[PDB]
């Protein structure tokens, strides 16, 4: 990955998380489970949806009959007409192919970016109250219940709470 998160230091994805693209996996006294961050997920959805719609909706065409008929003494303008149709084919095929190749690359980087952004927003909040393992996991040096976990997920986590 360009930003080094997806297929980066975070090695794999979670099949266990069905409600969003990006999220958290908490494990504590009460149990373990998956929860998706809806802000980062919804923002990504809105972005990609605008991207797909842009590629589709910016295409507008006027009513045209491509076919043309020529007799055996008209061969030259028949080949001219063929050069036009073939020319538009060469142009549109080449551009479409690359447009997908390039934007597929950009889309994956957009996801890669969002995952890293989410990671270091959490790093920023936890600071030294947790251990940075690598693999996208933070091991708490204190007790964190579902109320405490949600504070991290909500971005409301309180650092000057846990000295412990």
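In this text, the rigid core denotes the largest set of C-alpha atoms whose superposition between the two forms falls within 1.5 Å. Residue numbers count along the first chain shown, from 1.
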I'd like to know which segment deviates more from the shown structure in 4 other deposited structures of this protein: 62 to 70 or 106 to 114, using C-alpha RMS over all structures and residues after a core fit.
62 to 70
Following superposition on the rigid core, is the mean squared CA displacement, expressed as RMS, greater for 115 to 123 or for 135 to 143 in 4 other deposited structures of this protein?
135 to 143
Selected stretch [higher average CA B-factor]: 106 to 114 or 53 to 61
106 to 114
Mean Cα B-factor comparison, 73 to 81 or 89 to 97, giving the higher one as deposited:
89 to 97
Among all modelled residues of this chain, ranked by Cα B factor, put residue 68 in the bottom, middle or top third, i.e. lowest, middle or highest.
lowest
